[PDB]
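Trainee: What follows is a single structure, and I will ask about it in a moment.
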Amino acid sequence: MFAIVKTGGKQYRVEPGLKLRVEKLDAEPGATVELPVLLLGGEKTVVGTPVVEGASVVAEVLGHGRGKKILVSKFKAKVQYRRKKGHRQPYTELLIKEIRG
Amino acid sequence: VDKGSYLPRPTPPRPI
Amino acid sequence: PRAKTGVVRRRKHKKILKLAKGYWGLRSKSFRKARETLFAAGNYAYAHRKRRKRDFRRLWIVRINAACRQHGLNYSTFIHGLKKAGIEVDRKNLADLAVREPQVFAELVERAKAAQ
Amino acid sequence: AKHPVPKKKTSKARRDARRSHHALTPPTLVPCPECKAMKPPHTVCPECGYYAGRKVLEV
Amino acid sequence: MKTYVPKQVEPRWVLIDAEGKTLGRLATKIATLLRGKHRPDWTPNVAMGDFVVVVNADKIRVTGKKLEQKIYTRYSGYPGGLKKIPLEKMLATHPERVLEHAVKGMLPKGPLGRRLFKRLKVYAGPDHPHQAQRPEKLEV
Amino acid sequence: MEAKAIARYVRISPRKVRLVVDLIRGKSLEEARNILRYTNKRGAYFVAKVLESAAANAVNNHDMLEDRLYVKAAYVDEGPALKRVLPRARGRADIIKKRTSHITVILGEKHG
Amino acid sequence: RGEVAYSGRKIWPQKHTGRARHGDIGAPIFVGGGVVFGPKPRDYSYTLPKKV
RNA sequence: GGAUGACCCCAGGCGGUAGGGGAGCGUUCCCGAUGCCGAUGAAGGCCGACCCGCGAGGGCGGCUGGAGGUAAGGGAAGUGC
RNA sequence: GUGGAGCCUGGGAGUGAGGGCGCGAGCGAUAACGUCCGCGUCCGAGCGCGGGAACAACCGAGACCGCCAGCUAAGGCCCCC
RNA sequence: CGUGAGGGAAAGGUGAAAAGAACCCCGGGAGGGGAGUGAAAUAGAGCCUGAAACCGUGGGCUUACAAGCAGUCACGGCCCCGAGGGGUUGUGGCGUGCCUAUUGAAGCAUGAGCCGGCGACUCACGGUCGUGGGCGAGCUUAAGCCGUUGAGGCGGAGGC
Ligand SMILES: [Mg+2]
Ligand SMILES: [Mg+2]
Ligand SMILES: [Mg+2]
Ligand SMILES: [Mg+2]
Ligand SMILES: [Mg+2]
Ligand SMILES: [Mg+2]
Ligand SMILES: [Mg+2]
Ligand SMILES: [Mg+2]
Ligand SMILES: [Mg+2]
Ligand SMILES: [Mg+2]
Ligand SMILES: [Mg+2]
Ligand SMILES: [Mg+2]
Ligand SMILES: [Mg+2]
Ligand SMILES: [Mg+2]
Ligand SMILES: [Mg+2]
Ligand SMILES: [Mg+2]
Ligand SMILES: [Mg+2]
Ligand SMILES: [Mg+2]
Ligand SMILES: [Mg+2]
Ligand SMILES: [Mg+2]
Ligand SMILES: [Mg+2]
Ligand SMILES: [Mg+2]
Ligand SMILES: [Mg+2]
Ligand SMILES: [Mg+2]
Ligand SMILES: [Mg+2]
Ligand SMILES: [Mg+2]
Ligand SMILES: [Mg+2]
Ligand SMILES: [Mg+2]
Ligand SMILES: [Mg+2]
Ligand SMILES: [Mg+2]
Ligand SMILES: [Mg+2]
Ligand SMILES: [Mg+2]
Ligand SMILES: [Mg+2]
Ligand SMILES: [Mg+2]
Ligand SMILES: [Mg+2]
Ligand SMILES: [Mg+2]
Ligand SMILES: [Mg+2]
Ligand SMILES: [Mg+2]
Ligand SMILES: [Mg+2]
Ligand SMILES: [Mg+2]
Ligand SMILES: [Mg+2]
Ligand SMILES: [Mg+2]
Ligand SMILES: [Mg+2]
Ligand SMILES: [Mg+2]
Ligand SMILES: [Mg+2]
Ligand SMILES: [Mg+2]
Ligand SMILES: [Mg+2]
Ligand SMILES: [Mg+2]
Ligand SMILES: [Mg+2]
Ligand SMILES: [Mg+2]
Ligand SMILES: [Mg+2]
Ligand SMILES: [Mg+2]
Ligand SMILES: [Mg+2]
Ligand SMILES: [Mg+2]
Ligand SMILES: [Mg+2]
Ligand SMILES: [Mg+2]
Ligand SMILES: [Mg+2]
Ligand SMILES: [Mg+2]
Ligand SMILES: [Mg+2]
Ligand SMILES: [Mg+2]
Ligand SMILES: [Mg+2]
Ligand SMILES: [Mg+2]
Ligand SMILES: [Mg+2]
Ligand SMILES: [Mg+2]
Ligand SMILES: [Mg+2]
Ligand SMILES: [Mg+2]
Ligand SMILES: [Mg+2]
Ligand SMILES: [Mg+2]
Ligand SMILES: [Mg+2]
Ligand SMILES: [Mg+2]
Ligand SMILES: [Mg+2]
Ligand SMILES: [Mg+2]
Ligand SMILES: [Mg+2]
Ligand SMILES: [Mg+2]
Ligand SMILES: [Mg+2]
Ligand SMILES: [Mg+2]
Ligand SMILES: [Mg+2]
Ligand SMILES: [Mg+2]
Ligand SMILES: [Mg+2]
Ligand SMILES: [Mg+2]
Ligand SMILES: [Mg+2]
Ligand SMILES: [Mg+2]
Ligand SMILES: [Mg+2]
Ligand SMILES: [Mg+2]
Ligand SMILES: [Mg+2]
Ligand SMILES: [Mg+2]
Ligand SMILES: [Mg+2]
Ligand SMILES: [Mg+2]
Ligand SMILES: [Mg+2]
Ligand SMILES: [Mg+2]
Ligand SMILES: [Mg+2]
Ligand SMILES: [Mg+2]
Ligand SMILES: [Mg+2]
Ligand SMILES: [Mg+2]
Ligand SMILES: [Mg+2]
Ligand SMILES: [Mg+2]
Ligand SMILES: [Mg+2]
Ligand SMILES: [Mg+2]
Ligand SMILES: [Mg+2]
Ligand SMILES: [Mg+2]
Ligand SMILES: [Mg+2]
Ligand SMILES: [Mg+2]
Ligand SMILES: [Mg+2]
Ligand SMILES: [Mg+2]
Ligand SMILES: [Mg+2]
Ligand SMILES: [Mg+2]
Ligand SMILES: [Mg+2]
Ligand SMILES: [Mg+2]
Ligand SMILES: [Mg+2]
Ligand SMILES: [Mg+2]
Ligand SMILES: [Mg+2]
Ligand SMILES: [Mg+2]
Ligand SMILES: [Mg+2]
Ligand SMILES: [Mg+2]
Ligand SMILES: [Mg+2]
Ligand SMILES: [Mg+2]
Ligand SMILES: [Mg+2]
Ligand SMILES: [Mg+2]
Ligand SMILES: [Mg+2]
Ligand SMILES: [Mg+2]
Ligand SMILES: [Mg+2]
Ligand SMILES: [Mg+2]
Ligand SMILES: [Mg+2]
Ligand SMILES: [Mg+2]
Ligand SMILES: [Mg+2]
Ligand SMILES: [Mg+2]
Ligand SMILES: [Mg+2]
Ligand SMILES: [Mg+2]
Ligand SMILES: [Mg+2]
Ligand SMILES: [Mg+2]
Ligand SMILES: [Mg+2]
Ligand SMILES: [Mg+2]
Ligand SMILES: [Mg+2]
Ligand SMILES: [Mg+2]
Ligand SMILES: [Mg+2]
Ligand SMILES: [Mg+2]
Ligand SMILES: [Mg+2]
Ligand SMILES: [Mg+2]
Ligand SMILES: [Mg+2]
Ligand SMILES: [Mg+2]
Ligand SMILES: [Mg+2]
Ligand SMILES: [Mg+2]
Ligand SMILES: [Mg+2]
Ligand SMILES: [Mg+2]
Ligand SMILES: [Mg+2]
Ligand SMILES: [Mg+2]
Ligand SMILES: [Mg+2]
Ligand SMILES: [Mg+2]
Ligand SMILES: [Mg+2]
Ligand SMILES: [Mg+2]
Ligand SMILES: [Mg+2]
Ligand SMILES: [Mg+2]
Ligand SMILES: [Mg+2]
Ligand SMILES: [Mg+2]
Ligand SMILES: [Mg+2]
Ligand SMILES: [Mg+2]
Ligand SMILES: [Mg+2]
Ligand SMILES: [Mg+2]
Ligand SMILES: [Mg+2]
Ligand SMILES: [Mg+2]
Ligand SMILES: [Mg+2]
Ligand SMILES: [Mg+2]
Ligand SMILES: [Mg+2]
Ligand SMILES: [Mg+2]
Ligand SMILES: [Mg+2]
Ligand SMILES: [Mg+2]
Ligand SMILES: [Mg+2]
Ligand SMILES: [Mg+2]
Ligand SMILES: [Mg+2]
Ligand SMILES: [Mg+2]
Ligand SMILES: [Mg+2]
Ligand SMILES: [Mg+2]
Ligand SMILES: [Mg+2]
Ligand SMILES: [Mg+2]
Ligand SMILES: [Mg+2]
Ligand SMILES: [Mg+2]
Ligand SMILES: [Mg+2]
Ligand SMILES: [Mg+2]
Ligand SMILES: [Mg+2]
Ligand SMILES: [Mg+2]
Ligand SMILES: [Mg+2]
Ligand SMILES: [Mg+2]
Ligand SMILES: [Mg+2]
Ligand SMILES: [Mg+2]
Ligand SMILES: [Mg+2]
Ligand SMILES: [Mg+2]
Ligand SMILES: [Mg+2]
Ligand SMILES: [Mg+2]
Ligand SMILES: [Mg+2]
Ligand SMILES: [Mg+2]
Ligand SMILES: [Mg+2]
Ligand SMILES: [Mg+2]
Ligand SMILES: [Mg+2]
Ligand SMILES: [Mg+2]
Ligand SMILES: [Mg+2]
Ligand SMILES: [Mg+2]
Ligand SMILES: [Mg+2]
Ligand SMILES: [Mg+2]
Ligand SMILES: [Mg+2]
Ligand SMILES: [Mg+2]
Ligand SMILES: [Mg+2]
Ligand SMILES: [Zn+2]
């Protein structure tokens, strides 16, 4: 039994027990939130148009973090253009608790 | 056919 | 006072050579060559971060297409159908369904044909 | 001639690839049937001085 | 969630009667089967397509005046070493090469494309030696 | 237990002795001796002495048994180069490097 | 480079040696040559206003 | 917004050579120093997949090393290849 | 019409070999990746990105960073793709 | 080095103390292995620290149907570390070194074998604008003189 939820402009297949890293949510660690549902699947199959009305996926925010560093580097030849930028992406870590059909 | 001559006659040098 | 190079330059060179581990020949052993390699490497990374978004969407689309023709329609018709039906599940998830949950994917194909 | 010269330095790889044929072949040796010492075949044994059954040489 | 990548599957063998079919229009499909893009779990960096057996490849058909006008070409590396062979003659001498050349050009270049080409088994005449693999008759 | 000998500053060029050293790496002390004896190279003379001294070390200092000894490791490292002038034509002076080797032989015991 | 002990001679010809062009070895581009804008003896004093 | 550089919110700009401007990092030296860190290990060296910083860099840790190093704030230049 | 508009007074510049394309002329031969002016544009400095097989200046479009999300532009949708 | 006038280098460091390694062993010797000295001996005299290029030995992964500025993105395999990371790279995707000079260079245009160290916008005086302070119809001293011995005053000539 799975749901397809939308958070952070992206979509994910989630199941009870799943830990999911998503875009940083304005919510305190430990608290719970409700993610929109586009689709339910497994036994019963209900199909959003786009989201299904009754449904929600309960998730507990484990905490907040920053991604391991990506070095974004820019270079242009014969022009002495070089840029070095350090990027760590904020995320939120979620525990999928249950699917509310 | 005889045309110009764009280089002098060559000779080898000596590095050191 | 005199402020000779001292420690500074070596440290900056090790910074670079450390970033160049794995590179071929002098590209991981010569500072000069390493630095050139890393320039290109950084531009590739930027560009390919970009291309990865494209590369994966292409794969999803190819996969979705195969699964569609199994039910007697093509990708383009399928996507139009979903649009008329207002089903907004992206191609990443669509392709996952197409492989992992074929019956659900079948249902999506139903709504697709029905919306037209 | 016009003094040909190497256009690029040979890489550590490329120079060492050339030398993939440079290993020595160990001396081929057989036991002398008299004193059992190891010597090349078809040579008078330099340890006991024997060859073809007989004493030939002073060692 | 990350994208499904399949573990190695048992590849499917397939049989196609080439008789009466158009050279290029058939080749197009044979390639797709080779790439396995008909499979919903397609992966671009491994061989996961079908094995394709083709019979009666001598009875492939072609439009226009291509029997006399289509030229297959070969350069030997020697001066003046460009040999020219028309379709008609290729069919008369090595008919399977007709279908083989067409398909090969519609496969990716590189190590994988070469492997996918080897999974193509083309024969002149109605018989093929691979009943051992029991290929599934395809209608295309 | 191991036993080592090193011949430092031998006036032969490293690449050349290594050829000879390669012949006896991993060999029994007995085979290495026979190999070295009929190896038609200058280096064989030097490799032999290091080898024969490490054997002596083993027996005398390290309580190891001659009949069990084998060449566990051997390698040639470069010493300082003796730099010499080679007069060429047209008043040109070249520099010859008369090179140097540090030869190591390490002996172990083959049990059973 | 003018206060350095070396001679003013041109160490080798301007052209056709296959080496870089140089003048005297007193030039700052040489090890042991003069130094370009190094310190010279100077006076750091200055008349701060008495009122201040 | 609040009281004023505290941080929050809403919005918009943010390709770039010659070149103009701004803000910083690090090197040597001085005041801070009759101090403080230091053989329970100074500087330098070699690792790190850890932490802080957009970055230049700064930490922390292990090994090496064996006698030096110097903070907050400022000052001055033989200051970064 | 509130715009990295505009005017005024000052500080610091760099530039004073341009180039392709479109249109309007001269020169040339109703030649030239030719030459010389005018209006415009791009490259220069956007040899960053998509298309044109490949290709500074043709078409599409002005790249602050990240995303294994969505829509389009030119161009494309038989296979390579 | 130059006939000569003249040119003109390189080359510092054991340890607190020589306690500078008796004696034995292999070796012609050099060199090493034990013993010994020392807090330390890869501080052993070719001696503090001992970076880099460069050469080697051992191990992990990998390579003999494959197309290249050597990377990068993805996935899989193997090895290691203890739903994670590190090493390696088989396949697939993308991909025209750096600097200089140019209208325009990957360019078959310049420079560079590679590494380390040296190496180029300063200082004085005057000007001009900005800026931080002091005093303001005024502002300010120069040389000197006294004092200090890393103490500061005096000095109005003169200048604006
Ligand atoms: Mg969010
Ligand atoms: Mg994320
Ligand atoms: Mg986020
Ligand atoms: Mg990058
Ligand atoms: Mg360049
Ligand atoms: Mg480029
Ligand atoms: Mg340019
Ligand atoms: Mg540049
Ligand atoms: Mg440049
Ligand atoms: Mg520039
Ligand atoms: Mg930078
Ligand atoms: Mg002429
Ligand atoms: Mg410095
Ligand atoms: Mg310097
Ligand atoms: Mg490296
Ligand atoms: Mg590598
Ligand atoms: Mg290389
Ligand atoms: Mg190296
Ligand atoms: Mg870069
Ligand atoms: Mg990106
Ligand atoms: Mg994406
Ligand atoms: Mg996109
Ligand atoms: Mg649409
Ligand atoms: Mg849609
Ligand atoms: Mg499955
Ligand atoms: Mg001749
Ligand atoms: Mg080379
Ligand atoms: Mg090289
Ligand atoms: Mg060479
Ligand atoms: Mg070569
Ligand atoms: Mg190499
Ligand atoms: Mg090698
Ligand atoms: Mg070798
Ligand atoms: Mg070779
Ligand atoms: Mg006999
Ligand atoms: Mg037809
Ligand atoms: Mg057909
Ligand atoms: Mg098909
Ligand atoms: Mg027909
Ligand atoms: Mg015909
Ligand atoms: Mg020819
Ligand atoms: Mg011929
Ligand atoms: Mg001919
Ligand atoms: Mg011909
Ligand atoms: Mg021929
Ligand atoms: Mg012929
Ligand atoms: Mg391609
Ligand atoms: Mg030899
Ligand atoms: Mg031999
Ligand atoms: Mg013995
Ligand atoms: Mg012992
Ligand atoms: Mg001669
Ligand atoms: Mg002479
Ligand atoms: Mg030499
Ligand atoms: Mg040599
Ligand atoms: Mg040497
Ligand atoms: Mg002088
Ligand atoms: Mg003098
Ligand atoms: Mg002198
Ligand atoms: Mg002079
Ligand atoms: Mg003169
Ligand atoms: Mg010249
Ligand atoms: Mg030269
Ligand atoms: Mg020179
Ligand atoms: Mg000169
Ligand atoms: Mg000079
Ligand atoms: Mg001169
Ligand atoms: Mg000199
Ligand atoms: Mg000198
Ligand atoms: Mg000097
Ligand atoms: Mg001097
Ligand atoms: Mg100065
Ligand atoms: Mg001053
Ligand atoms: Mg004064
Ligand atoms: Mg904001
Ligand atoms: Mg802006
Ligand atoms: Mg913008
Ligand atoms: Mg900018
Ligand atoms: Mg500004
Ligand atoms: Mg610095
Ligand atoms: Mg000091
Ligand atoms: Mg003090
Ligand atoms: Mg005291
Ligand atoms: Mg203390
Ligand atoms: Mg102590
Ligand atoms: Mg310690
Ligand atoms: Mg210091
Ligand atoms: Mg320091
Ligand atoms: Mg860092
Ligand atoms: Mg650091
Ligand atoms: Mg540390
Ligand atoms: Mg040490
Ligand atoms: Mg330390
Ligand atoms: Mg220690
Ligand atoms: Mg002291
Ligand atoms: Mg400070
Ligand atoms: Mg102060
Ligand atoms: Mg400060
Ligand atoms: Mg200065
Ligand atoms: Mg300087
Ligand atoms: Mg207005
Ligand atoms: Mg503007
Ligand atoms: Mg403006
Ligand atoms: Mg104006
Ligand atoms: Mg103005
Ligand atoms: Mg200025
Ligand atoms: Mg100019
Ligand atoms: Mg002018
Ligand atoms: Mg002019
Ligand atoms: Mg011009
Ligand atoms: Mg002009
Ligand atoms: Mg002009
Ligand atoms: Mg013009
Ligand atoms: Mg213009
Ligand atoms: Mg006309
Ligand atoms: Mg005409
Ligand atoms: Mg023109
Ligand atoms: Mg024209
Ligand atoms: Mg014209
Ligand atoms: Mg114009
Ligand atoms: Mg124009
Ligand atoms: Mg220019
Ligand atoms: Mg513009
Ligand atoms: Mg180009
Ligand atoms: Mg492009
Ligand atoms: Mg383009
Ligand atoms: Mg293109
Ligand atoms: Mg462009
Ligand atoms: Mg063009
Ligand atoms: Mg934008
Ligand atoms: Mg669409
Ligand atoms: Mg269109
Ligand atoms: Mg096309
Ligand atoms: Mg169409
Ligand atoms: Mg397609
Ligand atoms: Mg003489
Ligand atoms: Mg003389
Ligand atoms: Mg003399
Ligand atoms: Mg020394
Ligand atoms: Mg002493
Ligand atoms: Mg001492
Ligand atoms: Mg003796
Ligand atoms: Mg003896
Ligand atoms: Mg003796
Ligand atoms: Mg003698
Ligand atoms: Mg001795
Ligand atoms: Mg000894
Ligand atoms: Mg002791
Ligand atoms: Mg002791
Ligand atoms: Mg101690
Ligand atoms: Mg010891
Ligand atoms: Mg020792
Ligand atoms: Mg030491
Ligand atoms: Mg000391
Ligand atoms: Mg040392
Ligand atoms: Mg050493
Ligand atoms: Mg080293
Ligand atoms: Mg190495
Ligand atoms: Mg090995
Ligand atoms: Mg190896
Ligand atoms: Mg083949
Ligand atoms: Mg292979
Ligand atoms: Mg290959
Ligand atoms: Mg390859
Ligand atoms: Mg390539
Ligand atoms: Mg992929
Ligand atoms: Mg891994
Ligand atoms: Mg991997
Ligand atoms: Mg590859
Ligand atoms: Mg690749
Ligand atoms: Mg490339
Ligand atoms: Mg390619
Ligand atoms: Mg290329
Ligand atoms: Mg560069
Ligand atoms: Mg040029
Ligand atoms: Mg030029
Ligand atoms: Mg040019
Ligand atoms: Mg030019
Ligand atoms: Mg051009
Ligand atoms: Mg090239
Ligand atoms: Mg090039
Ligand atoms: Mg050339
Ligand atoms: Mg070239
Ligand atoms: Mg060139
Ligand atoms: Mg070049
Ligand atoms: Mg030139
Ligand atoms: Mg240059
Ligand atoms: Mg060169
Ligand atoms: Mg050279
Ligand atoms: Mg040279
Ligand atoms: Mg350097
Ligand atoms: Mg200045
Ligand atoms: Mg001023
Ligand atoms: Mg002022
Ligand atoms: Mg003021
Ligand atoms: Mg004020
Ligand atoms: Mg006054
Ligand atoms: Mg006095
Ligand atoms: Mg006092
Ligand atoms: Mg005046
Ligand atoms: Mg006056
Ligand atoms: Zn014998």
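Here's how to read the names in the structure tokens: chain A, B, ... by the order shown, residue numbers from 1 in each chain, ligand numbers from 1 in the order shown.
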I'd like the neighbourhood of region 64-75 of chain H as an MDAnalysis selection string, where a residue qualifies if any of its atoms comes within 10 Å (using only C-alpha atoms (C1' of nucleotides)), though same-chain residues fewer than 4 positions away should be ignored.
Mentor: (chainID H and resid 30:33 36:39 41:46) or (chainID J and resid 40 48:49)
Trainee: Show me which residues are within 9 Å of ligand 110 counting only C-alpha atoms (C1' of nucleotides) and all ligand atoms, and format the list as a list in words.
Mentor: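 Taking only C-alpha atoms (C1' of nucleotides) and all ligand atoms into account, the residues around ligand 110 at most 9 Å away are residues 17 and 18 of chain I; 103 of chain J.
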Trainee: Using DSSP secondary structure from the backbone, list all strand (DSSP E or B) positions within chain F, as an MDAnalysis selection string.
Mentor: chainID F and resid 3:10 28 69:78 82:87 93:98 101:109
Trainee: Residues at most 12 Å from residue 133 (chain E), counting only C-alpha atoms (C1' of nucleotides), excluding those fewer than 3 positions away in the same chain, as a PDB file with C-alpha atoms, in the first residue's frame?
Mentor:
```
ATOM      1  CA  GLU E  10      16.478 -13.855 -19.380  1.00  0.00           C
ATOM      2  CA  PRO E  11      16.527 -12.270 -22.838  1.00  0.00           C
ATOM      3  CA  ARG E  12      13.756 -13.221 -25.264  1.00  0.00           C
ATOM      4  CA  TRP E  13      14.415 -14.918 -28.604  1.00  0.00           C
ATOM      5  CA  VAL E  14      12.269 -13.871 -31.509  1.00  0.00           C
ATOM      6  CA  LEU E  15      11.531 -15.003 -35.068  1.00  0.00           C
ATOM      7  CA  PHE E  51      17.668 -11.861 -29.769  1.00  0.00           C
ATOM      8  CA  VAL E  52      16.192 -11.536 -33.266  1.00  0.00           C
ATOM      9  CA  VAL E  53      16.177 -14.402 -35.743  1.00  0.00           C
ATOM     10  CA  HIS E 128      17.167 -21.300 -39.014  1.00  0.00           C
ATOM     11  CA  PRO E 129      19.471 -23.321 -36.698  1.00  0.00           C
ATOM     12  CA  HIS E 130      18.147 -21.979 -33.376  1.00  0.00           C
ATOM     13  CA  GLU E 136       8.770 -16.672 -30.405  1.00  0.00           C
TER      14      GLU E 136
END
```
Trainee: Using only C-alpha atoms (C1' of nucleotides), which chain I residues lie at most 10 Å away from chain A, written as a PyMOL selection string?
Mentor: chain I and resi 45+47-48+65-67+69-70
Trainee: Please, which residues have at least one atom within 10 Å of an atom of ligand 187, using only C-alpha atoms (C1' of nucleotides) and all ligand atoms, listed as a list in words?
Mentor: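 With only C-alpha atoms (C1' of nucleotides) and all ligand atoms and a cut-off of 10 Å, ligand 187 is contacted by residues 99, 100, 101, 110, 111 and 112 of chain J.
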Trainee: Just to confirm, what's the straight-line distance from CA of residue 84 (chain F) to atom 1 (Mg, counted along the ligand's line) of ligand 54 in Å (one decimal)?
Mentor: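 So the two atoms, CA of residue 84 (chain F) and atom 1 (Mg, counted along the ligand's line) of ligand 54, lie 8.3 Å apart.
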Trainee: Please identify all residues of chain F having at least one atom at most 12 Å from any atom of chain D, considering only C-alpha atoms, and return them as a PyMOL selection string.
Mentor: chain F and resi 15-25+27+30-41+44
Trainee: Write out the residues from the selection above, keeping N, CA, C and O atoms, as a JSON list (two decimals), in the first residue's frame.
Mentor:
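Below is the file out_17.json, written as the result:
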```json
[["chain", "number", "residue", "atom", "x", "y", "z"],
["F", 15, "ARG", "N", 68.71, 0.80, -13.27],
["F", 15, "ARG", "CA", 67.90, 0.09, -14.25],
["F", 15, "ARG", "C", 68.59, -1.22, -14.68],
["F", 15, "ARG", "O", 67.92, -2.20, -14.97],
["F", 16, "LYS", "N", 69.92, -1.21, -14.70],
["F", 16, "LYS", "CA", 70.69, -2.37, -15.12],
["F", 16, "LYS", "C", 70.74, -3.47, -14.07],
["F", 16, "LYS", "O", 70.51, -4.63, -14.39],
["F", 17, "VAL", "N", 71.08, -3.16, -12.82],
["F", 17, "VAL", "CA", 71.06, -4.21, -11.80],
["F", 17, "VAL", "C", 69.67, -4.79, -11.56],
["F", 17, "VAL", "O", 69.55, -5.98, -11.28],
["F", 18, "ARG", "N", 68.63, -3.97, -11.67],
["F", 18, "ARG", "CA", 67.27, -4.43, -11.43],
["F", 18, "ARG", "C", 66.91, -5.61, -12.30],
["F", 18, "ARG", "O", 66.23, -6.52, -11.87],
["F", 19, "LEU", "N", 67.39, -5.61, -13.53],
["F", 19, "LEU", "CA", 67.21, -6.74, -14.42],
["F", 19, "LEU", "C", 67.64, -8.03, -13.75],
["F", 19, "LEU", "O", 66.95, -9.03, -13.86],
["F", 20, "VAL", "N", 68.78, -7.99, -13.06],
["F", 20, "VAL", "CA", 69.36, -9.15, -12.41],
["F", 20, "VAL", "C", 68.60, -9.49, -11.13],
["F", 20, "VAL", "O", 68.28, -10.64, -10.88],
["F", 21, "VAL", "N", 68.37, -8.49, -10.30],
["F", 21, "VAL", "CA", 67.51, -8.63, -9.15],
["F", 21, "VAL", "C", 66.16, -9.30, -9.48],
["F", 21, "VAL", "O", 65.69, -10.15, -8.72],
["F", 22, "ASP", "N", 65.56, -8.95, -10.61],
["F", 22, "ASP", "CA", 64.23, -9.49, -10.95],
["F", 22, "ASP", "C", 64.28, -10.98, -11.15],
["F", 22, "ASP", "O", 63.29, -11.69, -11.00],
["F", 23, "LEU", "N", 65.47, -11.47, -11.45],
["F", 23, "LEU", "CA", 65.64, -12.87, -11.74],
["F", 23, "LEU", "C", 65.54, -13.74, -10.49],
["F", 23, "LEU", "O", 65.21, -14.93, -10.58],
["F", 24, "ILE", "N", 65.79, -13.16, -9.32],
["F", 24, "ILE", "CA", 65.89, -13.96, -8.11],
["F", 24, "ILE", "C", 64.83, -13.63, -7.06],
["F", 24, "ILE", "O", 64.82, -14.22, -6.00],
["F", 25, "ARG", "N", 63.97, -12.66, -7.35],
["F", 25, "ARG", "CA", 62.90, -12.32, -6.44],
["F", 25, "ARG", "C", 62.01, -13.53, -6.30],
["F", 25, "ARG", "O", 61.57, -14.09, -7.30],
["F", 27, "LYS", "N", 62.80, -16.48, -5.28],
["F", 27, "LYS", "CA", 63.49, -17.76, -5.48],
["F", 27, "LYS", "C", 64.06, -18.33, -4.18],
["F", 27, "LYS", "O", 64.29, -17.61, -3.21],
["F", 30, "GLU", "N", 68.99, -21.36, -2.80],
["F", 30, "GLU", "CA", 69.79, -22.27, -3.59],
["F", 30, "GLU", "C", 69.68, -21.95, -5.07],
["F", 30, "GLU", "O", 70.69, -21.86, -5.77],
["F", 31, "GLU", "N", 68.45, -21.76, -5.56],
["F", 31, "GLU", "CA", 68.26, -21.46, -6.97],
["F", 31, "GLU", "C", 68.84, -20.10, -7.33],
["F", 31, "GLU", "O", 69.42, -19.92, -8.40],
["F", 32, "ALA", "N", 68.70, -19.15, -6.42],
["F", 32, "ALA", "CA", 69.16, -17.79, -6.66],
["F", 32, "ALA", "C", 70.66, -17.80, -6.85],
["F", 32, "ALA", "O", 71.19, -17.08, -7.70],
["F", 33, "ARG", "N", 71.34, -18.63, -6.08],
["F", 33, "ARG", "CA", 72.78, -18.75, -6.19],
["F", 33, "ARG", "C", 73.19, -19.32, -7.54],
["F", 33, "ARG", "O", 74.16, -18.86, -8.14],
["F", 34, "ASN", "N", 72.45, -20.31, -8.04],
["F", 34, "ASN", "CA", 72.81, -20.93, -9.31],
["F", 34, "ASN", "C", 72.48, -19.99, -10.45],
["F", 34, "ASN", "O", 73.23, -19.90, -11.43],
["F", 35, "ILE", "N", 71.36, -19.30, -10.31],
["F", 35, "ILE", "CA", 70.95, -18.32, -11.29],
["F", 35, "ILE", "C", 72.01, -17.24, -11.40],
["F", 35, "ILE", "O", 72.52, -16.98, -12.48],
["F", 36, "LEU", "N", 72.36, -16.64, -10.27],
["F", 36, "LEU", "CA", 73.33, -15.57, -10.31],
["F", 36, "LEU", "C", 74.68, -16.02, -10.89],
["F", 36, "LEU", "O", 75.31, -15.27, -11.60],
["F", 37, "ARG", "N", 75.08, -17.25, -10.61],
["F", 37, "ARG", "CA", 76.38, -17.75, -11.05],
["F", 37, "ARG", "C", 76.53, -17.78, -12.58],
["F", 37, "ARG", "O", 77.62, -17.60, -13.10],
["F", 38, "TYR", "N", 75.45, -18.05, -13.30],
["F", 38, "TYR", "CA", 75.56, -18.16, -14.74],
["F", 38, "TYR", "C", 74.73, -17.08, -15.41],
["F", 38, "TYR", "O", 74.31, -17.25, -16.55],
["F", 39, "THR", "N", 74.50, -15.98, -14.71],
["F", 39, "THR", "CA", 73.91, -14.81, -15.35],
["F", 39, "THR", "C", 74.99, -13.92, -15.93],
["F", 39, "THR", "O", 75.81, -13.36, -15.20],
["F", 40, "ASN", "N", 74.99, -13.80, -17.24],
["F", 40, "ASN", "CA", 76.03, -13.06, -17.92],
["F", 40, "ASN", "C", 75.76, -11.56, -17.86],
["F", 40, "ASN", "O", 75.43, -10.93, -18.86],
["F", 41, "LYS", "N", 75.91, -10.98, -16.67],
["F", 41, "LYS", "CA", 75.72, -9.55, -16.45],
["F", 41, "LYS", "C", 76.66, -9.07, -15.35],
["F", 41, "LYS", "O", 76.96, -9.82, -14.43],
["F", 44, "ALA", "N", 75.18, -9.19, -11.67],
["F", 44, "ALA", "CA", 75.11, -10.47, -10.97],
["F", 44, "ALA", "C", 76.16, -10.51, -9.86],
["F", 44, "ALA", "O", 75.91, -11.04, -8.78]]
```
Trainee: Compile the residues of chain G that lie within 12 Å of chain C, evaluated using only C-alpha atoms, and express the compilation as number ranges by chain.
Mentor: G: 35, 37-40
Trainee: How would the residues just chosen look if you wrote them out with C-alpha atoms as a short mmCIF file (atom, residue, chain, number, x, y, z; two decimals), in the first residue's frame?
Mentor:
```
data_model
loop_
_atom_site.label_atom_id
_atom_site.label_comp_id
_atom_site.auth_asym_id
_atom_site.auth_seq_id
_atom_site.Cartn_x
_atom_site.Cartn_y
_atom_site.Cartn_z
CA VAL G 35 65.62 44.14 -5.47
CA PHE G 37 61.13 48.36 -4.48
CA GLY G 38 62.68 47.16 -1.29
CA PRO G 39 62.94 49.42 1.72
CA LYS G 40 65.37 52.31 1.72
#
```
